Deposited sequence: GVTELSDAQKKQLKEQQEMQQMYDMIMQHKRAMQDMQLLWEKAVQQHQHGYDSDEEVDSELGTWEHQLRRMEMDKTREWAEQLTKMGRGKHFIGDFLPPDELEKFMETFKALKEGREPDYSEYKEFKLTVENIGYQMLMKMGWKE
């Protein structure tokens, strides 16, 4: 989009940024649903559940990477931040965190995603 005023560049970047935050949240929701059905069908048949788990963990790490580039200490109190970053680190290094902390990290990532969308609206 060429020849915008400064006013126009500001409105448009906000619109597109809200829209991308939204689309990414729906993408992450889509991919999680797909992982879900994959597991519902594998159980309709042990080593599979751990494979699906690792695939899911990598998609969650990706979505967290996307969120970082969209913006977070602003969202977490000190103790939660250290744990969040630790788990993020293990996922990045390809290690497998404790399942309960992975679940906590995943919910936290989705939680921050929503808070960001909410700050862009409103």
Point out each run of deposited residues with no C-alpha coordinates, keeping the order of the sequence. 1, 47 to 61, 88 to 92, 144 to 145
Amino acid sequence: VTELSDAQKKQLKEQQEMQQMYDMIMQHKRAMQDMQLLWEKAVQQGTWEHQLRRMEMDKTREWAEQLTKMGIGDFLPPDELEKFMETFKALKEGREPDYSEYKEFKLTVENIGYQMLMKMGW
From here on, numbers count along this sequence of modelled residues.
Mean CA temperature factor from the deposited coordinates, higher in 22 to 30 or in 72 to 80? 72 to 80
Check the entry's C-alpha temperature factors for 11 to 19 and 99 to 107, then say which stretch has the higher mean. 11 to 19
Could you look up the Cα B-factor of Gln45 in the entry and say which third of the chain it sits in: lowest, middle or highest? highest
Based on the deposited C-alpha B factors for this chain, I'd like to know if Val1 is in the lowest, middle or highest third. highest
Determine, from the deposited record, the chain-internal third of the Cα B-factor for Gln51: lowest, middle or highest. highest
